[PDB]
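Here's the letter readout for the chains.
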There are 2 protein chains.
Amino acid sequence: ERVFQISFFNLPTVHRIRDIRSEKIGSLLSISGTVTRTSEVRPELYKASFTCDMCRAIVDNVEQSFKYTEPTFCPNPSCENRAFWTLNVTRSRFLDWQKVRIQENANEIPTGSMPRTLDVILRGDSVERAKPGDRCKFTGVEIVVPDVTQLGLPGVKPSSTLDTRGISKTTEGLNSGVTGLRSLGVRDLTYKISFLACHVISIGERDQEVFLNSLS
Amino acid sequence: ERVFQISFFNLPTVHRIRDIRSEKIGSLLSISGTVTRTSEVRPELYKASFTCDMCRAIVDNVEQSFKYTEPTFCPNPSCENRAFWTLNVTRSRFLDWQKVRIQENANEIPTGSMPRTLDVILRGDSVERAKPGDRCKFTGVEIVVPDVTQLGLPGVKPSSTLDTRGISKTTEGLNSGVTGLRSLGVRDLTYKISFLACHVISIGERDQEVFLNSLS
Ligand SMILES: [Zn+2]
Ligand SMILES: [Zn+2]
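Residues numbered from 1 in each chain as written, not as in the entry; some residues may be left out. Chains lettered and ligands numbered in written order. Part of a larger assembly, values for the part shown. Heavy atoms only, no water.

Named according to the PDB entry, chain A is DNA replication licensing factor MCM6 originating from Saccharomyces cerevisiae.

K.L.:
Residue-level account of the interface of chain B and chain A, with values.
P.N.:
At the junction of the two partners, chain B supplies 4 residues and chain A supplies 6 residues. In total, chain B and chain A occlude about 380 Å² of area from one another, counting both sides; carbon and sulfur atoms represent 57% of this. When residues of chain B are sorted by the area they lose upon contact with chain A, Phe73(B), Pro77(B) and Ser78(B) head the list and together hold 76% of the total. At the junction of chain B with chain A, the criterion picks out 0 salt bridges. At the boundary of chain B with chain A, the tally comes to 0 residue pairs in polar contact. Here the residues of the side of chain B that touches chain A are counted per class, giving 3 nonpolar, 1 polar and no charged. (Contact = heavy atoms within 4.5 Å. Buried area = accessible area lost by both parts, 1.4 Å probe. Salt bridge = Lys/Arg side-chain N within 4 Å of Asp/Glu carboxyl O. Polar contact = N/O pair within 3.5 Å; in protein donor to acceptor, adjacent residues only side chain to side chain. Nonpolar A, V, L, I, M, F, W, Y, C, P; charged D, E, K, R; others polar.)

K.L.:
Residue-level account of the coordination of the zinc ion (ligand 2), with values.
P.N.:
Residue and element names in this part refer to chain B. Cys52 (SG), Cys55 (SG), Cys74 (SG) and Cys79 (SG) make up the full set of protein donors to the zinc ion (ligand 2), lying at 2.2 to 2.5 Å. Coordination at the zinc ion (ligand 2) is tetrahedral, judged from the 4 donor atoms that bind it and the angles of 85 to 133° they form at the metal. Coordination of the zinc ion (ligand 2) draws on donor residues from a single chain, spaced C-x2-C-x18-C-x4-C in sequence. On the basis of relative accessible area, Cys55 is assigned to the partly exposed category, the value being 33%. (Donors = N, O, S within 2.8 Å, 3.2 Å for Na, K, Ca; no water. Tetrahedral: all angles 85-135°; square planar, octahedral: opposite > 155°, others 65-115°. Buried < 20%, exposed > 50% of the residue type's maximum accessible area, 1.4 Å probe, protein only.)

K.L.:
Quick rundown of the domain arrangement of chain A? Include the residues and the values.
P.N.:
Residue and element names in this part refer to chain A. Under the domain assignment, chain A is made up of domain 1 (14-42 + 96-147 + 190-204) and domain 2 (43-95). Taking only C-alpha atoms into account, the centre of domain 1 sits 33 Å from that of domain 2. If you look at the interface, domain 1 gives 8 residues, while domain 2 gives 4 residues. Taking both partners together, domain 1 and domain 2 bury about 520 Å²; carbon and sulfur atoms supply 69% of that area. When the area that domain 1 buries against domain 2 is broken down by residue, the three leading residues are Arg42, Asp96 and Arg123, summing to 58%. Here domain 1 and domain 2 share 1 salt bridge between them. Across the pair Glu44 and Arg123 runs a salt bridge whose closest N-O atoms are separated by 3.5 Å. At the junction of domain 1 and domain 2, the tally comes to 0 residue pairs in polar contact. Secondary structure elements with two or more residues in the side of domain 1 that touches domain 2: β5 (93-103) and β7 (135-146). (Domains from an automatic or database assignment. Helix = DSSP H or I, 4+ residues; strand = E, 2+ residues; numbered from the N terminus.)

K.L.:
Run through the coordination of the zinc ion (ligand 1), naming residues and quoting values.
P.N.:
Residue and element names in this part refer to chain A. Only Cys52 (SG), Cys55 (SG), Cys74 (SG) and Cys79 (SG) from the protein reach the zinc ion (ligand 1) as donors, at distances of 2.2 to 2.5 Å. What the 4 donor atoms of the zinc ion (ligand 1) show is an angle range of 85 to 129° at the metal, which sorts the shape as tetrahedral. Counting the intervening residues between successive donors of the zinc ion (ligand 1) yields the motif C-x2-C-x18-C-x4-C. Like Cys79, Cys74 is buried.

K.L.:
Now, about the side chain of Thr51(B): what can you tell me, with residues and values included?
P.N.:
Residue and element names in this part refer to chain B. In this fold, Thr51 is placed in strand β2 (residues 42-52). Side-chain polar atoms of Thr51 contact the side chain of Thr86, separated by 2.5 Å. What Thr51 contacts, discounting residues up to four positions off in sequence, is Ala57, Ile58, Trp85, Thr86 and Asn88.

K.L.:
Give me the pattern of salt bridges: which residues, what numbers.
P.N.:
Applying the stated criterion to the full structure yields 14 salt bridges over all chains. Within this structure, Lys99(A), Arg101(A) and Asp119(A) form a network of salt bridges that share partners.

K.L.:
A description of the relation of the copies chain B and chain A should follow, citing residues and the corresponding values.
P.N.:
Once chain B has been moved 0.5 Å along the axis and rotated by 179°, it coincides with chain A to within an RMSD of 0.3 Å. What we have between these two chains is a two-fold relation. Residue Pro77(B) of chain B places its C-alpha closer to the rotation axis than any other residue of that unit, at 0.8 Å. Same-surface contact between copies: 75% of interface residues of chain B are shared with the interface of chain A. (Least-squares fit on C-alpha atoms.)

Laid out in structure tokens, this is it:
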């Protein structure tokens, strides 16, 4: 089946990057900004499929939110199993994924200002439609992204937040992190605001036979 | 559904009680003898139905051979459960059951003999068709019946072969009992020969309107 997408446009009012508050999280918005960095078109895991190690039973359509999620309770028999699955990478569905960095326009920047930034996520057919240096108007939903490293990623590769640079001492303990959840353990979960975009617009052949076709 | 029965008769040769050997176990035979005792028509459990204590899931059609058998693996993988079921006596199917004791005929008995005996099982529609003192010809299958008391009956009522009389010392250790099975444990299982019968035959109103109906 074709994973469908719905693209909204022509919203009444447009927002700037400095109007982004947490009270619009989950709402449909439109924003404007200048693109300054784009990444590769990576494949994102959409509908996962696994096989039980012992039964060989097949599970399909396991939704994933922000981290690699395997199924829990086994399928149709008596077999008891909490883990040890094998992803069937061939059966699983994937999608295109891209991350772009944008900053404020030259006019919205005050007289003395260090420009604010944001992370916009393009997915599906909207990849590569924003090029660095251009001025583009995005529209989508404002979301919040947690730190998955302290959410217990399967591999040892995360290695509990390995770092190369020193974090800010000013916001050490000032950034309010929630605790209590069993998956976290004694850890503290943190959040940051990002944007997810569904529609992108920009606001800033010598063959005779094919040429005659286009014109009215 | 009607639990059906098949009744065979008119076999070529008939056997006496003293021709019963273990090498015909499972075969279709016909025997003759004089009935000397009959029991009540008790209900036998045919198709059992249970409900899981926690899930409340319903299992049905659990076959039983010679002892009260509950299911093992649950209907749903989720809840794990090896025991603690509740028989749904209303949903279960039952059948009629009767045990009759027979002995050898007056002619087949030698000049000096203590008559041999046998246990014949009548089931279904064949109950009460054999009356004590009569001479009847049975036909069915020769089976073997184990001792269920040492097969781990659920209740404490069996109390590991409670007895009121003293067993034979002559056959103490002489009766060959098999061991090794995990259900038995270190116990020894014993067998005895009985007969299961499917067809029985015997070989030894002042109302005018209804009377006129029967005659040709
Ligand atoms: Zn399994
Ligand atoms: Zn259950």
